[PDB]
Structure formats: C-alpha cells, structure tokens
Amino acid sequence: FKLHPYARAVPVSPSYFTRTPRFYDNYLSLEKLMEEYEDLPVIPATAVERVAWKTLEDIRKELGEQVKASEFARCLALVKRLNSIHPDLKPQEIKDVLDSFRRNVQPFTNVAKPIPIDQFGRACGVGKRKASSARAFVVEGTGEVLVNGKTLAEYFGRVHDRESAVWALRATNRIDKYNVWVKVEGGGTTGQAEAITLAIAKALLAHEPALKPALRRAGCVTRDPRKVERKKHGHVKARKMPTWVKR
Amino acid sequence: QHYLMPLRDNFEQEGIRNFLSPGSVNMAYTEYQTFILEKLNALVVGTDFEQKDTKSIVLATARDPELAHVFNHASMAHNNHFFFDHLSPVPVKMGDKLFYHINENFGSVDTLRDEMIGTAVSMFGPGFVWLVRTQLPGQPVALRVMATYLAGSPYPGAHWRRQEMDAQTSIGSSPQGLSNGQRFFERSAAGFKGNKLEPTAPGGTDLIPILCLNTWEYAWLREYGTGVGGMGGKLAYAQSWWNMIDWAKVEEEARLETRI
Amino acid sequence: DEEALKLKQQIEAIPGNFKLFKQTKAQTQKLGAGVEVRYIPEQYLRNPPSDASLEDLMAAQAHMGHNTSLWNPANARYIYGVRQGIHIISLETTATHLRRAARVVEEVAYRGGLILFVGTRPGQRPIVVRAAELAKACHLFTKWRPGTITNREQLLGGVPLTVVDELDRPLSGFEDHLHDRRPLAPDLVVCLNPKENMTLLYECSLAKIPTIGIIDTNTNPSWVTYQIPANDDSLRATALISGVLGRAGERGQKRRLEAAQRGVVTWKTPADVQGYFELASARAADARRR
Amino acid sequence: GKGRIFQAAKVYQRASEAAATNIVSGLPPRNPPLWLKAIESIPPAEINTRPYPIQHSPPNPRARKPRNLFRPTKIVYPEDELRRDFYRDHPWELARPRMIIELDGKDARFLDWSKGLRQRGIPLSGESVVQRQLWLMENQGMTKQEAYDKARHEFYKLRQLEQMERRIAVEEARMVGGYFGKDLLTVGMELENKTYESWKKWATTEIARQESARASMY
Amino acid sequence: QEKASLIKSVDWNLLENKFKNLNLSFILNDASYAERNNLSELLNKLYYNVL
RNA sequence: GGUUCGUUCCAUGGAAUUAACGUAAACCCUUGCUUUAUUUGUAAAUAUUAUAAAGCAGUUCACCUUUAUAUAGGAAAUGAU
Ligand SMILES: [K+]
Ligand SMILES: [Mg+2]
Ligand SMILES: [Mg+2]
Ligand SMILES: [Mg+2]
Ligand SMILES: [Mg+2]
C-alpha cells in the first residue's frame, strides 16, 4: 500500500528545457514524417486544394505557448509540403496530422434585403443627412417631382439644392423617365436635399440595378456620416475654448 | 571503388556445361570485367561517380559528350553481367504466361528465336541484343527486340547512346538512305536543342530490358572458334545460348499484367 | 479542355508508375558491379559508431582549428602545429578526451541521471534529437533561455513531471508531490558549441552540475568540466562526437535496466523525493493513532 | 575583469562536501545527487598549463634570448617544397578540380609508390607526381631534378591518353547513331549573350544620361 | 490562454442560428426529421429536461 | 537593426523570465444592414419615416509593392463596399 521504495522524478516530454515544449514535440513529429515518407511523389502547387491553415495566434492559444513566428513559418512549410503528397498515396497518419492545422472559422453573413417594387410600380428608397430621413417613391413617370406636396421650385429656393436633390436622375440622364414623390422631415435646406439624393438613388437601383457603377462615380451612394459635434464642458463650442490667460 | 563480384551459380569455377567451358567463362567475365572495372575506377576515382552504381553512371553519364568514354566502360560492365544473370545450369521450361504473351507479339517462340539470332549475325559487329518490354499509358504490354551497337543502353533514360543503327551503311543516297539520314539529324538536332522527340513516362518504365545477348568477339571467339566451315562460330554461339535462357527469371522481370 | 484533361490522366497514373518504377529499380540496380560505399553523408545518424578512431576524427575535420590569430593561448595544450594558417588540433588528444567523456555519459546514465544534449546552431537539430533518443535524454536546439537553472521555479513552472521506478514506469500515488516539487535540473549537460552559449555553462558551474563541451581553438577550456578538443564549426564532426556520446548513454541505460530486472537498483531515491516519504509516514502515523 | 569566476572543474569537490553532512545538525545526510557517484573515479583533466609545444623544425641554435617558446610551430614536410615547384611549372593543373573531402580517412593504406603514378583511391594529380618523385629521390637515390623528370614524364603520357579518349569516344559514338547534348563551348557562348545584352542596356542608359547631363553645361 | 483572444465564428448551436424560421408551422412540418411532429419532443432536443 | 497610429510586431543581446496599473481592448453616442415591436408616432400600404431592444460590419476582399524572407505597406471622386 505504501509508496515504492525506489522512485525518481523524470520529465514527461524530452523537450523539457526548450522554450515551447509542447510545440517542438509536434514539430519534431512532422520532421519525423518528412523523413520516411519524403520519397512519395507530390502534386503540382496549382493542383492542391486550398486549405485555410491555422494562424500563429490560434496555435499559440491551443498550445498555451509563445511559439515564435519564424519557427512556425518553417513548421507550416512542412504542412504544405506534406499536403502535396498524392491523396491515394498519402498515408492515414499524415491525414490525421493534417486535420489539426485546419482553421474552422466562418465569418458572419449579413445580406441586406433588396428593395421590392409595389404592384403599381413605386420603389421606396431611404436617405438621411445630418437630421433627416427621406422616402422617395420612384415610378415610370415623365419627370414631375413633388417634394412634400410642393414642387421643386416652391420647396427649394436655391437652385443648387434642386440639382442635388434629383442628381441621380441627372447623372444617369433619366430626368424625363421617372416621377418622384418624396417626403422629407427634419434638417435644413441642404440637409434635406442631400437626403433626397441617396433616397432616389436606392429607389432608382431597384428598377435598374445596373446603374450602381455609374451612381458610385456620381456621388449618390455614399451616406455622409458627418454630424454636428456636441458641446463639451469647458469649451465655448465643440472645439472653441475660452481665452486662455497666461498671466 | 568498383570491385568484381561472383557470378550467379558458380559459373566462374565450373561454367555452363554445354554452353561455355569454365576457361571460356573465366576469360569472358573474370578476366574482362576486371579489366573494364580497373579502367572505370581510374576514371571515377575522384569524381561524384566514385560511389555510384554502374546503372546510375550509365544514365547520368549519357548526354554529356565530355564523359562519353566513361559511359562505355560503365555500360559495358553492366550489360556484360546483365547477360550472365539470365543463364541457368540446366535449361528451364518457359513459363505459361510468358509463353502465351510471346506468341501474341512474335507469333511463336521459334519466330522470335530466329529473329534475335538472325539480328546478331546481320549486325556483323560487337553489340548486345536485348528483349525489351514496351508499355504506354493506354497501350497493352507489348514485347519487341532491340539491337545495341558496341555499348548501348536499352533504357529510355539513355536514349542518347542507344546506338541502334550503324550510320556507315545505313545512310546512303537510296530512298532508305535519305530516310535514315533525316532521322539521324532529327535526333541530333532535337537532343542538342533539348527537344524531346518521343514522349516517355517518368521513371523510365516504358522499356524494361528482360533478356540480353552478348555478341562481342571475346565471348565466343574461343569456345566456338572462327566459324570457318559453319561448324561452330558466332552462329552456333547464339544457338546454344538459346537453350540456357532462364525463362523463369525472364518471366519475373517481365512483370506481365494478369490478363489470362 | 484537352490541356486540363492531360493533367488528370497523369495524376491518376502516378500510383501505378511509382509501383512499377520501384519494382524495376530492384533487379536492375546492383547488377553491373559491387560498389565499395565507404562514406554516406547521413551515416552518423542512421548508425553512429560506438568509438571514434583517428581516421573517423580526421575524416570529419575534427582537427581544423581556427585561424592562428583568433586563438586562445590557454588551450595550447591540444594544438599539434600550424598549417594553412590555422591551428591543427592533435587527433590523439581528441580521441583521448572523447573516450573519457563517453565514459562519463555512460556512468551518469547508468546511475539514473538526467542528461541534456545542447546543440544550438542552424544544422545541429537532427544531431541532438537523435543523440537524445539513444540516451533517453533531453534535447535543446534553440537559444537557451537565461535563467532556466538558477530561476527554474518561474521558467519551468508549468511543465509536467512524473515519477518512475526501477524499470522506468509510472508510480501512482505521487499526485500531491508533483505540485509542491520544484522543477528539475540536468544532471549532465553535453554542449556542442560552448563558445556560443556561455550563459548555460555558467549556470551549470554555478549550480554544481558537470558539463561536457567541444572546445575549439578559440574557446576557453575552463567553461566545461570535461573538454573535447575538436572542431565545433563542422557539422560532420559534431554528428560523430554526439553519436559516440549517444551510444554511451544507450549502453549505460541498457545496463541499468538489465540490473533492475535482477532486483539490483543502481541508484537510491533522490533527496527531494526522499523527504516526501518521511512526510508520508508522518501523515500516515496520524491515521494509525487517530 | 569582464570574465566570470567559472568553477566547472570543482563541481565534484563542492558538491561532495555539500552532501557530506546535513544542514539540520543531528540527522543523517540525505542522498546525494545521482551524478555524484558516476564521475567519482573520473577526475577532470588539467587545463591552462602552457607546455613546450612540439618542435616541427630545428629551433634556432644561435638565439640567446628566444621568444615565443610556448607557440605552436609550423608543420613543414619535404613535399611542400616539391609541390610548390611542380604546381608552379603547371599552373593550369589547379583548374582540375580536386576533392579534399575524406570519405573514411583510410586512403593512405593502399598507396604504394613503387608501382607507379596510378594508385587506388586517389586521382592522377600533381600530388601523385610529388609522392612518386619523393620515392625515387629517397629509395633509388636519385637527385631532385632526375626524380622530377622521370615521374613527371609518366604523368604526361597518362594525361595524353585521357584527352585522346574523349575525342575518339564522341567521334566513334556518332558512327553508330549517337547524339549528345550541348557542348561546353556552345553553352559558354550562350551565357555571354545574356550578359552582353545586359551590358548594352546599361551602356545605352548611361550614354543617354551623359547627353542629358551635357545640356546643363551650356 | 487567459490572455489569448477569441476568433469570431458563427456558432451554429445557438437557438437563433439553428432555426432561422422560428415559426412552429415550419419546424414541425416534417422539415428534415420524421415523426417528431410533437412539440414537446422538439423542445427536448433543445433544452435539458429534468422530468 | 527594422517595423507600427502605439514598448505594436519580428529578429537579436556573454541574462533574462514575469505580474499589476496606464496603454490597448471594451463601453456610451453616432453610421449601414438584419430581426423584433406599431401607440400617444407614420398620407397610403403587403411597411419604407419615426421610436428602441438585441445582433452583424472594415481595411474585410481586390489591386500594387515588399527587408534578413522573420514582422508588412501603399493607393483615396472613376476596384467592390
Ligand atoms: K453649432
Ligand atoms: Mg568554432
Ligand atoms: Mg527582451
Ligand atoms: Mg394610434
Ligand atoms: Mg430604423
């Protein structure tokens, strides 16, 4: 029942004094397999199925060590080299060793919902600029634009805003082929005009999705996120500071 | 250094009973192979080939002209011993599988018998007559006969030195002369430029020399004599040799795919 | 189309060709004549020799010392002469010290000692790993982290250990001892490049541990306990020396295991583990009374 | 002192004393290290003791206050003088590659210079001539020049046949349908083309550079 | 390991990622499994039942 | 010695190996998208503003360039987004 009369402590792994014991043990195993199966034929690089191997951080975490990047770079070469062996000729051992280096990560998928088209033929686009949120209903009209019930000249007194409001139709030269009925809320004069731009753009794409490359270059697809900065305590404004008296 | 090794079944001390007396085999192999090896050693005494086998030297030292003289000794020593490793103290019965396949490629065992023998005398020069097993990606295994002048390697990796045709009498002004001439230049031009005339599978597996026949003068000039009067001679040497072919071992190297 | 299909047929023909190519390589090769192969590059690993003769040491460039200028006058006791501008280490001096060190490795392995083979150079990884396998020792082929012997408590804190017995098999019942026990230290270090890593050899002399090293012409011979005057810059001599020492350990381990099967242990319990036994009886004594 | 106090030669002494008695006075000393008994009967060798090195040449008998008494001497053999003479008479004999990588070191066991230049294991080179020369000079009591002439002449005849075989080998090989690869002459010329063309580009550029650099002088 | 970061990967064992259409009229309508029409059986395949 | 927005990262040193704080990360507001909720908000409506709970998202991919081959960077209204 008592302990054995003779006993002595012995390290489990032979690489007991190395920097990363667990890593080198797995690395030497590969090198041991790259000496008896190195005569097997290989497959051309371009004919090797793409494998998403693990990264340096992944190995560091799963092993609990601080393996050096350089040492791992040369250890990954063995994997790629041992992966070029012919599948039919590849042994079962290497196969089992080549599944522990694969990276089973899947990025999140966020597919936006496409804009439908009503039964009567109106697509509803949404644009925003600095306070506002427009809702443009684009149909196969003849160029009559109504902003919040009023016309383009009765709502916008600045011709600069009228042009930017329907820029999507102007850049693509379709002013005389669509009727737009928008409803805007919040914001100022230009803020609402810019909102209408992105709105008609999205709505126009629903009818003709092939115009995005052109609208991209016309500046009717980016949502300008610039927003009024807040007032900060100690400052007269967002940045302006009071007079600093040196004396 | 390359050193002489014993023969298959103690032919050096006894020799084949009805083919070559012990004295003849002594002068043919022990007193000749030693001479060739002695020369070969001096050539590769201080090169990478100091520890390479004969075949490796043959294939490696083939295309390079500067080492042509090394190919001869190395290839000759290989072919010479390759010719003795297929005889037998007693005639062996041809294997069934081999017997069948032979008839499918040559029509009969005697048809091939008179072809190799006939090819020998037709050459009127020292050379080696082989029995090669041809194989291509989809084509079935097919046998054929090849003649190598002086020292000629039957393997496909030594195509440069195959030496299958004497350019002296095979290139004239006749229709065949021009045809042979074009091939002669086509091979030289291709080889020189590095182009490949006939695609070959990797590893040189298309051709596998199974059997060989040494027609050099030293082998038979003693036992069978000059051949004046048709009694004996080079002709009889080839005939008697056909009775000691170790068909069993021949079948093994053939490695015919099971198709019966 | 046809260009891609060709690759397919080839890839599907490699298995068959390889088999046939291997078979044909058997009979055809060796036919012409017997080669007298008397040197293979990887011969010091597949089958290292038990003892190294003068020829082996001279053939492995174990006598090419460093330049005359870059020498250490201290180790002028092994230099034979001066040729080609370098110091020629005496071949006999190398063999004598090598056999002596080989005897040290054997006994230390025969007494259950923990050996460590240290070679830290680009091409010394296979040499050290092989020697360790034979001697059942530990290898080290990277930069020795300073303070792994004098500060082992921190560096080698998480690495696991075990407890073995006469026949080197685990002993269940030392679970509580493998958590308060402090890390191990090598009972013998076999360095293959003392000039490079002097921080390891200093911790050995600072912790009272014997060492073996390959002293070159410019290496201080006072760093190691047992010197092996030879050429350390040669990957062919390092493989020979390491091979000889590896066989020494192997031969030593063999004797130990042979003496353990006869009920003759060639080593007594270490002091550390010995203390645990005393504590075990103390704790067990309480159960008897209580 | 940039060095450190090494005590690798006293590990046994220091360790043996530390294991003599226990730190807790009044108890049996614990078991010593496992290695203490292994190297018990193997004391280290003596180091750092400058001896009189081996004298490979007679030391200057005239020197009254000689220096460098503890300095290893140069190794000079009688062959050194002969090697220098021969290789100076045949400088292009050094272009013949010679392997100095020993296989097993047992190459001087089958060398009998009484037979001739050709030997087992070593190639025909200047060394064989020197060793043969030295043999005749010593055994046959010949003079340096006489022995040099004889052995040297045998060297020529052996080299002549070697060069004749190459020409006759390739020539005879083509008589039976033997084709070879690119000779060294052709290959050498090809590489010069690739290098010469690169020089043309550089020249053209720098030439144009100077022209543009000449417009600024005016 | 305590200081090691985590990679962002879709956890397909989440109840939200397992069934993307939570309507019972689609999960129990012989979508993939057979003869598991009972609602209780479905719950047992998602939660640990003590009874 | 290089690199990085950064003692970031790689390599290396005949002495390093580590911990806490700060840094970083994360958080709040904000931006696009997905799902949920439709009153006191929304003209209509099969739901698209608004309201607000949770989740995803970037320098990610593409292109170009790149040291000691170990660590990477550039381009900015006419690549994607
Ligand atoms: K403001
Ligand atoms: Mg050195
Ligand atoms: Mg540091
Ligand atoms: Mg309401
Ligand atoms: Mg919303």
# chains A, B, ... in the order shown; residues from 1 in each chain; ligands from 1
$ interface_residues --of "chain F" --to "chain E" --cutoff "12 Å" --atoms "only C-alpha atoms (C1' of nucleotides)" --output "PyMOL selection string"
chain F and resi 25+34-35+54-56
$ write_last_selection --atoms "C-alpha atoms (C1' of nucleotides)" --output "PDB file, in the first residue's frame"
ATOM      1  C1'   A F  25      -9.351  46.174 -25.843  1.00  0.00           C
ATOM      2  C1'   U F  34     -30.595  42.091 -40.215  1.00  0.00           C
ATOM      3  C1'   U F  35     -34.573  40.656 -36.794  1.00  0.00           C
ATOM      4  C1'   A F  54     -30.599  42.800 -29.295  1.00  0.00           C
ATOM      5  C1'   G F  55     -27.040  41.177 -33.318  1.00  0.00           C
ATOM      6  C1'   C F  56     -23.547  41.810 -37.536  1.00  0.00           C
TER       7        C F  56
END
$ interface_residues --of "chain C" --to "chain D" --cutoff "8 Å" --atoms "only C-alpha atoms" --output "PDB file with N, CA and C atoms, in the first residue's frame"
ATOM      1  N   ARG C  38      32.004   3.595 -48.819  1.00  0.00           N
ATOM      2  CA  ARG C  38      32.698   3.757 -47.547  1.00  0.00           C
ATOM      3  C   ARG C  38      32.413   5.098 -46.883  1.00  0.00           C
ATOM      4  N   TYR C  39      31.435   5.856 -47.375  1.00  0.00           N
ATOM      5  CA  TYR C  39      31.040   7.096 -46.721  1.00  0.00           C
ATOM      6  C   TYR C  39      29.679   7.533 -47.233  1.00  0.00           C
ATOM      7  N   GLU C  55      41.042   7.959 -37.801  1.00  0.00           N
ATOM      8  CA  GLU C  55      40.572   8.158 -39.167  1.00  0.00           C
ATOM      9  C   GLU C  55      39.214   8.847 -39.185  1.00  0.00           C
ATOM     10  N   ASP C  56      38.285   8.373 -38.354  1.00  0.00           N
ATOM     11  CA  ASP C  56      36.962   8.984 -38.300  1.00  0.00           C
ATOM     12  C   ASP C  56      37.052  10.451 -37.902  1.00  0.00           C
ATOM     13  N   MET C  58      39.690  12.467 -38.226  1.00  0.00           N
ATOM     14  CA  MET C  58      40.341  13.229 -39.285  1.00  0.00           C
ATOM     15  C   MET C  58      39.447  13.345 -40.510  1.00  0.00           C
ATOM     16  N   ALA C  59      38.662  12.307 -40.803  1.00  0.00           N
ATOM     17  CA  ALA C  59      37.755  12.356 -41.940  1.00  0.00           C
ATOM     18  C   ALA C  59      36.596  13.315 -41.714  1.00  0.00           C
ATOM     19  N   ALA C  60      36.266  13.612 -40.460  1.00  0.00           N
ATOM     20  CA  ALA C  60      35.180  14.519 -40.124  1.00  0.00           C
ATOM     21  C   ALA C  60      35.669  15.934 -39.856  1.00  0.00           C
ATOM     22  N   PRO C  73      45.513  31.338 -26.162  1.00  0.00           N
ATOM     23  CA  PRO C  73      46.756  30.696 -25.707  1.00  0.00           C
ATOM     24  C   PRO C  73      46.539  29.704 -24.584  1.00  0.00           C
ATOM     25  N   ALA C  74      45.436  29.822 -23.848  1.00  0.00           N
ATOM     26  CA  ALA C  74      45.142  28.882 -22.775  1.00  0.00           C
ATOM     27  C   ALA C  74      45.135  27.447 -23.285  1.00  0.00           C
ATOM     28  N   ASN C  75      44.380  27.182 -24.346  1.00  0.00           N
ATOM     29  CA  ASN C  75      44.274  25.829 -24.889  1.00  0.00           C
ATOM     30  C   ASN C  75      45.310  25.564 -25.977  1.00  0.00           C
ATOM     31  N   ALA C  76      46.570  25.832 -25.654  1.00  0.00           N
ATOM     32  CA  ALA C  76      47.697  25.443 -26.487  1.00  0.00           C
ATOM     33  C   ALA C  76      48.208  24.055 -26.140  1.00  0.00           C
ATOM     34  N   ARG C  77      47.536  23.365 -25.220  1.00  0.00           N
ATOM     35  CA  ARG C  77      47.927  22.025 -24.816  1.00  0.00           C
ATOM     36  C   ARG C  77      47.434  20.956 -25.778  1.00  0.00           C
ATOM     37  N   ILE C  79      46.847  21.816 -29.302  1.00  0.00           N
ATOM     38  CA  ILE C  79      47.273  22.161 -30.651  1.00  0.00           C
ATOM     39  C   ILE C  79      48.499  21.343 -31.031  1.00  0.00           C
ATOM     40  N   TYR C  80      48.483  20.792 -32.242  1.00  0.00           N
ATOM     41  CA  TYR C  80      49.590  19.997 -32.756  1.00  0.00           C
ATOM     42  C   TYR C  80      50.608  20.865 -33.486  1.00  0.00           C
ATOM     43  N   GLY C  81      50.142  21.698 -34.397  1.00  0.00           N
ATOM     44  CA  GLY C  81      51.014  22.580 -35.145  1.00  0.00           C
ATOM     45  C   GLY C  81      50.245  23.712 -35.780  1.00  0.00           C
ATOM     46  N   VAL C  82      50.773  24.213 -36.894  1.00  0.00           N
ATOM     47  CA  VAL C  82      50.162  25.304 -37.645  1.00  0.00           C
ATOM     48  C   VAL C  82      50.304  25.001 -39.129  1.00  0.00           C
ATOM     49  N   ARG C  83      49.178  24.894 -39.829  1.00  0.00           N
ATOM     50  CA  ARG C  83      49.190  24.678 -41.267  1.00  0.00           C
ATOM     51  C   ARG C  83      47.986  25.372 -41.882  1.00  0.00           C
ATOM     52  N   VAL C 104      31.943   9.150 -19.134  1.00  0.00           N
ATOM     53  CA  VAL C 104      31.166   9.950 -18.195  1.00  0.00           C
ATOM     54  C   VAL C 104      29.681   9.846 -18.516  1.00  0.00           C
ATOM     55  N   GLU C 107      28.225   6.330 -17.377  1.00  0.00           N
ATOM     56  CA  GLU C 107      28.006   6.140 -15.949  1.00  0.00           C
ATOM     57  C   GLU C 107      26.841   6.982 -15.452  1.00  0.00           C
ATOM     58  N   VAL C 108      26.774   8.244 -15.877  1.00  0.00           N
ATOM     59  CA  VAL C 108      25.687   9.115 -15.443  1.00  0.00           C
ATOM     60  C   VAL C 108      24.345   8.540 -15.870  1.00  0.00           C
ATOM     61  N   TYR C 110      23.927   5.317 -16.337  1.00  0.00           N
ATOM     62  CA  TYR C 110      23.813   4.068 -15.601  1.00  0.00           C
ATOM     63  C   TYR C 110      23.315   4.288 -14.181  1.00  0.00           C
ATOM     64  N   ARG C 111      23.507   5.487 -13.632  1.00  0.00           N
ATOM     65  CA  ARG C 111      23.058   5.824 -12.289  1.00  0.00           C
ATOM     66  C   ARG C 111      21.743   6.593 -12.296  1.00  0.00           C
ATOM     67  N   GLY C 112      20.973   6.496 -13.376  1.00  0.00           N
ATOM     68  CA  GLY C 112      19.690   7.167 -13.440  1.00  0.00           C
ATOM     69  C   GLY C 112      19.775   8.673 -13.523  1.00  0.00           C
ATOM     70  N   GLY C 113      20.849   9.206 -14.098  1.00  0.00           N
ATOM     71  CA  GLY C 113      20.988  10.643 -14.206  1.00  0.00           C
ATOM     72  C   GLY C 113      20.275  11.207 -15.420  1.00  0.00           C
ATOM     73  N   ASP C 187      21.344  16.578 -14.742  1.00  0.00           N
ATOM     74  CA  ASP C 187      22.474  16.004 -14.028  1.00  0.00           C
ATOM     75  C   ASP C 187      23.754  16.032 -14.848  1.00  0.00           C
ATOM     76  N   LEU C 188      23.658  16.301 -16.147  1.00  0.00           N
ATOM     77  CA  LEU C 188      24.828  16.380 -17.009  1.00  0.00           C
ATOM     78  C   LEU C 188      24.422  17.060 -18.304  1.00  0.00           C
ATOM     79  N   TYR C 202      27.659  28.593 -17.437  1.00  0.00           N
ATOM     80  CA  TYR C 202      27.892  29.300 -16.183  1.00  0.00           C
ATOM     81  C   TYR C 202      26.882  28.886 -15.122  1.00  0.00           C
ATOM     82  N   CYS C 204      25.576  25.966 -14.938  1.00  0.00           N
ATOM     83  CA  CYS C 204      25.960  24.621 -14.529  1.00  0.00           C
ATOM     84  C   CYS C 204      27.046  24.665 -13.463  1.00  0.00           C
ATOM     85  N   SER C 205      28.074  25.490 -13.670  1.00  0.00           N
ATOM     86  CA  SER C 205      29.113  25.628 -12.657  1.00  0.00           C
ATOM     87  C   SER C 205      28.603  26.381 -11.440  1.00  0.00           C
ATOM     88  N   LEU C 206      27.608  27.246 -11.628  1.00  0.00           N
ATOM     89  CA  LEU C 206      27.031  27.983 -10.515  1.00  0.00           C
ATOM     90  C   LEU C 206      26.073  27.125  -9.701  1.00  0.00           C
ATOM     91  N   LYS C 208      26.569  23.683  -9.535  1.00  0.00           N
ATOM     92  CA  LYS C 208      27.292  22.442  -9.275  1.00  0.00           C
ATOM     93  C   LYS C 208      26.750  21.303 -10.142  1.00  0.00           C
ATOM     94  N   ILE C 209      26.892  21.477 -11.452  1.00  0.00           N
ATOM     95  CA  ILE C 209      26.473  20.473 -12.426  1.00  0.00           C
ATOM     96  C   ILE C 209      27.624  20.206 -13.390  1.00  0.00           C
ATOM     97  N   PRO C 210      28.012  18.952 -13.613  1.00  0.00           N
ATOM     98  CA  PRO C 210      29.082  18.679 -14.574  1.00  0.00           C
ATOM     99  C   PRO C 210      28.627  18.939 -15.999  1.00  0.00           C
ATOM    100  N   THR C 211      29.593  19.243 -16.861  1.00  0.00           N
ATOM    101  CA  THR C 211      29.300  19.597 -18.240  1.00  0.00           C
ATOM    102  C   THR C 211      30.352  19.003 -19.163  1.00  0.00           C
ATOM    103  N   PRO C 221      38.823  26.747 -22.358  1.00  0.00           N
ATOM    104  CA  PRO C 221      38.612  25.384 -21.852  1.00  0.00           C
ATOM    105  C   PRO C 221      38.186  25.317 -20.397  1.00  0.00           C
ATOM    106  N   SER C 222      38.080  26.448 -19.706  1.00  0.00           N
ATOM    107  CA  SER C 222      37.716  26.472 -18.298  1.00  0.00           C
ATOM    108  C   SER C 222      36.216  26.601 -18.078  1.00  0.00           C
ATOM    109  N   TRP C 223      35.420  26.558 -19.142  1.00  0.00           N
ATOM    110  CA  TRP C 223      33.980  26.715 -19.013  1.00  0.00           C
ATOM    111  C   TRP C 223      33.279  25.396 -18.738  1.00  0.00           C
ATOM    112  N   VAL C 224      33.836  24.291 -19.220  1.00  0.00           N
ATOM    113  CA  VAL C 224      33.228  22.980 -19.072  1.00  0.00           C
ATOM    114  C   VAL C 224      34.103  22.131 -18.162  1.00  0.00           C
ATOM    115  N   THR C 225      33.496  21.082 -17.609  1.00  0.00           N
ATOM    116  CA  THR C 225      34.225  20.172 -16.735  1.00  0.00           C
ATOM    117  C   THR C 225      35.105  19.223 -17.537  1.00  0.00           C
ATOM    118  N   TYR C 226      34.547  18.610 -18.576  1.00  0.00           N
ATOM    119  CA  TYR C 226      35.269  17.681 -19.435  1.00  0.00           C
ATOM    120  C   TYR C 226      35.329  18.265 -20.836  1.00  0.00           C
ATOM    121  N   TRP C 267      20.746   3.098  -8.109  1.00  0.00           N
ATOM    122  CA  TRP C 267      20.533   4.479  -7.707  1.00  0.00           C
ATOM    123  C   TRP C 267      19.509   4.501  -6.588  1.00  0.00           C
ATOM    124  N   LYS C 268      19.749   5.335  -5.585  1.00  0.00           N
ATOM    125  CA  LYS C 268      18.828   5.474  -4.469  1.00  0.00           C
ATOM    126  C   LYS C 268      17.960   6.713  -4.653  1.00  0.00           C
ATOM    127  N   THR C 269      16.845   6.731  -3.935  1.00  0.00           N
ATOM    128  CA  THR C 269      15.870   7.798  -4.091  1.00  0.00           C
ATOM    129  C   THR C 269      16.542   9.159  -3.909  1.00  0.00           C
ATOM    130  N   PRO C 270      16.257  10.138  -4.769  1.00  0.00           N
ATOM    131  CA  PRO C 270      16.834  11.471  -4.574  1.00  0.00           C
ATOM    132  C   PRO C 270      16.404  12.075  -3.246  1.00  0.00           C
ATOM    133  N   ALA C 271      17.161  13.083  -2.811  1.00  0.00           N
ATOM    134  CA  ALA C 271      16.862  13.737  -1.542  1.00  0.00           C
ATOM    135  C   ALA C 271      15.480  14.377  -1.561  1.00  0.00           C
ATOM    136  N   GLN C 274      12.961  11.785  -1.389  1.00  0.00           N
ATOM    137  CA  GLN C 274      13.159  11.114  -0.110  1.00  0.00           C
ATOM    138  C   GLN C 274      12.408  11.831   1.003  1.00  0.00           C
TER     139      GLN C 274
END
$ interface_residues --of "chain F" --to "chain A" --cutoff "12 Å" --atoms "only C-alpha atoms (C1' of nucleotides)" --output "ChimeraX atom specification"
/F:9-11,17,29-35,42-50,55-57,60,68-71,77-81
$ residues_near_ligand --ligand "ligand 2" --cutoff "12 Å" --atoms "only C-alpha atoms (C1' of nucleotides) and all ligand atoms" --output "CSV table (one decimal) with C-alpha atoms, in the first residue's frame"
chain,number,residue,atom,x,y,z
C,62,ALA,CA,37.7,17.3,-36.2
C,63,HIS,CA,41.2,18.8,-36.3
C,64,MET,CA,40.6,22.0,-38.3
C,65,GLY,CA,41.2,24.7,-35.6
C,66,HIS,CA,40.5,28.3,-36.1
C,67,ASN,CA,42.9,30.9,-37.5
C,70,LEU,CA,41.9,34.1,-33.4
C,71,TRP,CA,43.3,31.6,-30.8
C,72,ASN,CA,43.2,31.2,-27.1
C,86,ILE,CA,45.1,27.5,-38.8
C,87,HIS,CA,45.9,25.6,-35.6
C,121,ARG,CA,23.3,26.0,-34.5
C,192,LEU,CA,28.2,21.1,-28.8
C,193,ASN,CA,29.0,24.8,-29.1
C,194,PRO,CA,30.3,26.2,-25.8
C,195,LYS,CA,31.6,29.3,-27.5
C,196,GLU,CA,28.1,30.4,-28.5
C,197,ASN,CA,26.2,29.8,-25.3
C,213,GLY,CA,31.7,20.6,-24.4
C,214,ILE,CA,33.5,20.7,-27.7
C,215,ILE,CA,36.4,23.1,-27.1
C,216,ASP,CA,37.7,24.6,-30.3
C,217,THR,CA,41.0,26.5,-30.7
C,218,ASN,CA,39.4,29.8,-29.6
C,219,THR,CA,37.1,28.5,-26.8
C,220,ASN,CA,38.0,28.9,-23.2
C,229,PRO,CA,39.2,19.5,-28.1
C,230,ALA,CA,37.9,19.4,-31.7
C,231,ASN,CA,36.3,21.4,-34.5
C,232,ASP,CA,32.9,22.7,-33.5
C,233,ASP,CA,32.2,24.6,-36.7
C,234,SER,CA,31.9,21.2,-38.6
C,235,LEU,CA,28.5,19.6,-38.9
C,237,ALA,CA,32.4,16.1,-36.6
C,238,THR,CA,29.6,17.3,-34.3
$ residues_near_ligand --ligand "ligand 3" --cutoff "10 Å" --atoms "only C-alpha atoms (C1' of nucleotides) and all ligand atoms" --output "NGL selection string"
:F and (12-13 or 15-17)
$ interface_residues --of "chain A" --to "chain E" --cutoff "12 Å" --atoms "only C-alpha atoms" --output "PyMOL selection string"
chain A and resi 54-66+103-110
$ atom_distance --atom1 "atom CA of residue 101 of chain A" --atom2 "atom CA of residue 53 of chain A"
5.6 Å
$ closest_residue --among "A:242, A:41, A:186, A:237" --to "chain B" --atoms "only C-alpha atoms"
A:41
$ residues_near_ligand --ligand "ligand 4" --cutoff "9 Å" --atoms "only C-alpha atoms (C1' of nucleotides) and all ligand atoms" --output "PyMOL selection string"
chain F and resi 38-41
$ interface_residues --of "chain B" --to "chain C" --cutoff "7 Å" --atoms "only C-alpha atoms" --output "NGL selection string"
:B and (1-5 or 51 or 53-55 or 77-78 or 81-82 or 203 or 205)
